[PDB]
Amino acid sequence: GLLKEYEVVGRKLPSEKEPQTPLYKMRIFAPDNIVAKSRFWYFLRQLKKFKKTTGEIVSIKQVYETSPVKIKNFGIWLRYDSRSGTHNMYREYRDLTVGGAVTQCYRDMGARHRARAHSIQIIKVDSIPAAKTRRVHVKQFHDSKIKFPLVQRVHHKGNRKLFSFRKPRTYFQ
Amino acid sequence: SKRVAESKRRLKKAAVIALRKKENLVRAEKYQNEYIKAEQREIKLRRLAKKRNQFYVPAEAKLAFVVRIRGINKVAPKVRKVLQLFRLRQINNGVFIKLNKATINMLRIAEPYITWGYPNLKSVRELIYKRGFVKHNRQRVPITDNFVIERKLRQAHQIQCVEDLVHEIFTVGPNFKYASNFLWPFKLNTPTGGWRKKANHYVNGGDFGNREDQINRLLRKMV
Amino acid sequence: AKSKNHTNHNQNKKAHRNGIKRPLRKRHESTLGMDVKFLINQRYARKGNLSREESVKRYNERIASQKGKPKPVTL
Amino acid sequence: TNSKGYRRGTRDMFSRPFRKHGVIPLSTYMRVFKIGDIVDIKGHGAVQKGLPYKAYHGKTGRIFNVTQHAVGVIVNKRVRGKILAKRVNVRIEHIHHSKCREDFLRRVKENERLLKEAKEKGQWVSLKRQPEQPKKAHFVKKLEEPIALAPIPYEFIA
Amino acid sequence: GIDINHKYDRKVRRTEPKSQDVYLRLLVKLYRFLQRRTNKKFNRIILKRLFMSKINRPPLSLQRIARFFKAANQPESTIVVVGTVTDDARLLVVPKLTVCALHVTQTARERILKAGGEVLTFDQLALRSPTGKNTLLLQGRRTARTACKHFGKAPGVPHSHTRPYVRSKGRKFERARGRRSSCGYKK
RNA sequence: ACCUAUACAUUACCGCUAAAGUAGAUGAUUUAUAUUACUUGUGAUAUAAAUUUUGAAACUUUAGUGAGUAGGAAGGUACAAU
RNA sequence: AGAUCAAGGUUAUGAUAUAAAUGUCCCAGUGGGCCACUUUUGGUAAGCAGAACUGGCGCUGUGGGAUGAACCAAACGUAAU
RNA sequence: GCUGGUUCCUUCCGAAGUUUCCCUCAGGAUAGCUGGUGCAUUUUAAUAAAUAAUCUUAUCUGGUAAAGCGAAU
RNA sequence: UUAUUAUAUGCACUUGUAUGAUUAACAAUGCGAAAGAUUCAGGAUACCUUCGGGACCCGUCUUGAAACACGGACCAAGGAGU
């Protein structure tokens, strides 16, 4: 999908020896509503006793990050399992939206390390301003004025004629 | 002395058919204003509990819709038995199910052949209007009017109209067991656009198990 | 030779085909092999059941022969 | 290449517990047992006078003939597959009292009595059990320490 | 697709008389009409009993015609018997009674008529009591007969008592080993 | 997005299986109209024309449904004689 | 332990019923099995040997895996969509 | 007690390679599985205040996975 | 009080809509045509021509046969549950 962002809150349903059990919350990136509510329990079966049903999911909501046209560079903290090899990482991407730079992580982490997305865990995601971004492929996209004449298209192959007539001479200068 | 008898029958069968139509109008009017005060209350409760900074949980769902999704062979004799008792014996049959602890542990058992979720009113209506059939001594009678619910269910329950079926199913009433076992299981057809894996869970791949709001959107393309 | 002596495949598919056949729920059951009197006593109380309406009240009047039963509450 | 015979593979059916050896406590002979009562069978390993066989330890059934110091129980034994009704004599310390009726017999009282208090108010009975429903819609305040409280992993480094 | 309807969805019964008898296959034609247009259960159990074999329509002696009738309180209830009413010499004095039957032995027709009451075919019943008011519909025992004495046999259980297929009754005919505790065992 | 089964679905047809209906036809039923009792109004009577058998072992209605060796049961079919 | 009276509310979890219950003919065939998940013993291993469970093949076509007895889908009246 | 064959067509249902015994181990008997044919009938049978088989409840049993040797052996 | 809904349409009369597994109105083409004889549709009947798709040889025993398993060159008569 594209990994929207949620804030999912727990309960430990309130049995009589203790009413009002203490309401923990998470920050979950999942493609959909209901899979966000089951990451929550996989990440509750490590920190609190608390399973379903011994617990509840009190109000979650999908959140809609704050500035969708600022050009912030995210820095995510990560934990992932290899073939033999559960490892911490720390990765950085440039994106307008937070859930766009967690899904930027997955398709990159999954390619570069083979990393199937059930063995990746997000352990922090924050915007990191500048002059803290390490990660050389970010901090070359910093310096205004950035000239960069990569004459770029997809250059749609080829066009509406299969047997075209015109020999498309890319450069056009 | 026959023609005296029949045209008193024929004019008291008219007055009872007339006294159903108005009694099935203002009864469908009452049932419709429930489903407006209901969903507007859950807006009212959230816009209340936000300003009082409390967390408003909604109600846990009763009334699933359960549809056999996958295959009649290679099935084991304890998922073979739950899916008989849920009346789901073909592919793309669906029944209405009241949810408690006692059938949810049965949907757990029959989990890899079932997708389920909790249905919209539009989904409850469109399933008995477009696809909806009826048991007349093991026969599968369609709907064709609402005499055919008035027959078997008005004398021993108080269901007589088609919206009394919808009311006894959306609001999971006391006569729920009578008005799910009335309806022959809904022989839906194959969703246009497709499934996704049929044999990985909905959280991983997409089918079996709880969709839990998206049985509505699946049933759009299935009905 | 030796291929397959003593297996259980197909053995509870058979035993669940003309299925597993709970016994019964019989109102009366055989008293065959019970305590043999016991049963001669109950065969003596079955004959002497003679009062439906008549003597079944009458012996309360015989209880009043000792103005009731104050004493025998002990043994 | 066998079992056969009569007490084989009873190194743990008729083993005694941890430190419950010794003299059988004397209430076991004092219990009253009636005809048609229901009863369990745990073959007591310290009494050899008529143990149940190993195919009946674990199984409950109805008494229907009581004697001087043993009881003739009716235990359902599954054979292939036609469940038989057996007729087993066992002694007393190979028997306990069931509890499976004991809850119901207090449900028969109360449904007689929950209709008895509703005999005067009239309405309404609500006698039969329900399995667990969904709970309701609540709302819960923090009220008490607003959120986060926020568990987030860090689970490897070790 | 559906698993299943197996079997036997084919339910099991007989639905017309196997007798090609032109008299019986006409009383059926009648009693179809007396139970689809008067839904009595009295008339089912005459259409159902016009179908069965001669086992399942067993004879019923003249004394049980009478021994049941004298269980009183219905002194004009005709006795309805879908089968044969034979004659009991062990009854001496026969009460005046009215009889419906498929066949009546003549030594019983000579006695009932002499008493004297009636003997009715089943078309005079229905022209008299179509709904079966004041009738007594009886049947003699279906396992009266001695073919039924041999069903079914494990010697080794304490309850069989079920009659081998010998050729002859005597000693030196299945009376030795496996019946006596001396020879072999007691069964 | 899209392609793809003898699966799913809605329809026609064949069988099976399970139900249900029909037999006063010197009767039933129409259409008109004359008369009519008249209840305002609708029935009953006369006329004229009309439809109304089925090896009831039949006809009509309704629903579900269909793999098969070894194997069993039903209904047909070829041969020749009395 | 029983035989007859007196009182008893709304019948006492859920969901199911392609009908179930029962005789006879214990009538035909069969009494060489192989394959597979997970469990497992002998062997160094074996497309080997032997067991436990479930499902299949045997008896089974069609779709898929170029190919195939068992894999994955799916079980099959003649046709259209 | 072994090899070969065993002649029409449709329609319906549809297996077993297991158990016990046998100078038994390429065979029988024997039960399981199968078909036929009925029959009895239910406010789970014909114009339910009652049965029956996966979950729930309640309650019994168990010594395998795990755990243990700062408990016995 | 603000609205909302239903009931208070008989007598006639339509080529009207519905509902009896809701297909029928308009036109064109062509004459069963006396014998004589065309039009339009259809005919893997049983073949030849042209293409596409599928497609291993039966019987048998067998866990498994197209088998580098056995019988079978072909044809008529005979031929086996009495």
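Note: the structure precedes this text.
Residues numbered from 1 in each chain as written, not as in the entry; some residues may be left out. Chains lettered and ligands numbered in written order. Part of a larger assembly, values for the part shown. Heavy atoms only, no water.

Student: Where do I start with the sheet that holds strand β6 (residues 120-128) of chain A in this structure?
Tutor: Two pairing modes exist for strands in a sheet, parallel and antiparallel, and in both the strands are linked by backbone hydrogen bonds. Residues and elements named next belong to chain A. A sheet is described by the order of its strands in space; here three strands give the open sequence β5-β4-β6, paired in antiparallel fashion. With one partner strand each, in any of the chains shown, β5 (87-94) and β6 form the two edges of the open sheet. Between one strand axis and the next, the sheet turns through 20° on average, direction left out of account. Note that strand β4 (residues 73-80) and β6 share eight bridges and pair antiparallel. Following the sheet pairing, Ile76 is matched in β6 by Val125. The strands that helix α2 (residues 103-112) touches are β4, β5 and β6; relative to β5, the one it contacts most, it runs at about 125°. (Pairing = 2+ DSSP bridges. Helix = DSSP H or I, 4+ residues; strand = E, 2+ residues; numbered from the N terminus. Axes fitted to C-alpha atoms, helices over the stretch in contact; angles between N-to-C directions. Contact = heavy atoms within 4.5 Å.)

Student: What should I look at first to understand unusual backbone geometry in this one?
Tutor: In most cases, non-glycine residues show a negative phi, while peptide bonds are predominantly trans. Note that the residue after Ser144(A), namely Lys145(A), is joined by a cis bond; omega there is 0°. Looking at the element boundaries, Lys145(A) is found in the segment after β6. In the Ramachandran plot, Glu144(D) falls in the positive-phi region, its phi being about 75° despite a non-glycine side chain. One can find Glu144(D) in the segment after β7 (140-141). Phi is positive for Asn73(E), which is not a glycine, with a value near 80°. Within the element layout of this structure, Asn73(E) appears in the loop between α3 (62-69) and β1 (78-85). Exposure remark for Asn73(E): the relative accessible area of 77% places this residue in the exposed category. (Buried < 20%, exposed > 50% of the residue type's maximum accessible area, 1.4 Å probe, protein only.)

Student: Where do I start with the protein's contact with RNA strand H in this structure?
Tutor: Taken together, 43 residues surround RNA strand H, and among them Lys14(C), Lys42(D), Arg80(D), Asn39(E) and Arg142(E) come closest. The separation between a phosphate oxygen of RNA strand H and a polar side-chain atom of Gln11(C) is 3.0 Å. Between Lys7(E) and RNA strand H, the recorded distance is 3.1 Å, taken from a side-chain N or O atom to a phosphate oxygen. Of all the secondary-structure elements, those providing two or more residues to the surface near RNA strand H are α3 (79-85) and α4 (101-107) of chain B together with α2 (41-47) of chain E. For the surface near RNA strand H, the element with the most residues is α4(B), which contributes four residues. Tallied by class, residues from the surface near RNA strand H come to ten nonpolar, eleven polar and 22 charged. (Near = heavy atom within 4 Å. Polar contact = N/O pair within 3.5 Å; in protein donor to acceptor, adjacent residues only side chain to side chain. Nonpolar A, V, L, I, M, F, W, Y, C, P; charged D, E, K, R; others polar.)

Student: Would you mind going over the arrangement of the chains with me for this structure?
Tutor: Contact analysis covers six pairs of chains in contact, and the most contacts occur between chains A and D. For the non-touching pair chain A and chain E, the nearest C-alpha separation works out to 32 Å. Structurally, chain D and chain E remain out of contact, their C-alpha atoms never closer than 13 Å.

Student: Is there a simple way to think about the protein's contact with RNA strand G in this case?
Tutor: Neighbouring RNA strand G are 54 residues, the closest being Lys98(B), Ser3(C), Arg52(C), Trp124(D) and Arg129(D). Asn5(C) has a polar backbone atom sitting 3.3 Å from a phosphate oxygen of RNA strand G. Here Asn8(C) contributes a side-chain N or O atom positioned 3.3 Å from a phosphate oxygen of RNA strand G. Elements represented by at least two residues in the surface near RNA strand G include exactly α4 of chain B together with α2 (117-121) of chain D. Tallied by class, the residues present in the surface near RNA strand G amount to 18 nonpolar, 18 polar and 18 charged.

Student: Got a minute to help me understand the pattern of salt bridges in this structure?
Tutor: Two side chains carrying opposite charge are able to pair once their charged atoms lie near each other. One pass over the structure, following the stated rule, counts 22 salt bridges over all chains. Close ionic contact of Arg125(B) with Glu163(B) constitutes a salt bridge, the shortest N to O distance being 2.7 Å. Of this pair, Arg125(B) sits in helix α5 (residues 121-129) while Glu163(B) sits in helix α7 (residues 162-170), and the two are 38 residues apart along the sequence. We note a salt bridge from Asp87(E) to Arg111(E), for which the minimum N-O separation is 2.9 Å. With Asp87(E) in the loop between β1 and β2 (98-104) and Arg111(E) in helix α4 (residues 106-115), this residue pair connects regions lying 24 residues apart in the sequence. Residue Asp87(E) is classed as partly exposed on the basis of its relative accessible area of 28%. Residues participating in the shared-partner salt-bridge network are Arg91(A), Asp108(A) and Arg112(A). (Salt bridge = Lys/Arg side-chain N within 4 Å of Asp/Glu carboxyl O.)

Student: In this structure, what is going on with the packing of α5(B) against helix α9 (residues 215-222) of chain B? I would like to understand it.
Tutor: Each packed pair of helices is defined by two parameters, the angle between the axes and the distance between the axes. All names here are of chain B. Between α5 and α9, the least distance of the axes is 10 Å, while the angle of their chain directions is 30°. Relative to α9, the element α5 is oriented roughly parallel. α5 and α9 meet at a crossing whose hand is left-handed. In this structure, α5 uses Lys122, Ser123, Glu126 and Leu127 to contact α9, whose residues at the interface are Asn216, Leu219 and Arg220. Here the residues of the contact of α5 with α9 are counted per class, giving two nonpolar, two polar and three charged. (Parallel < 35°, antiparallel > 145°, perpendicular 65-115°, else oblique. Left-handed = near helix turned anticlockwise from the far one by under 90°.)

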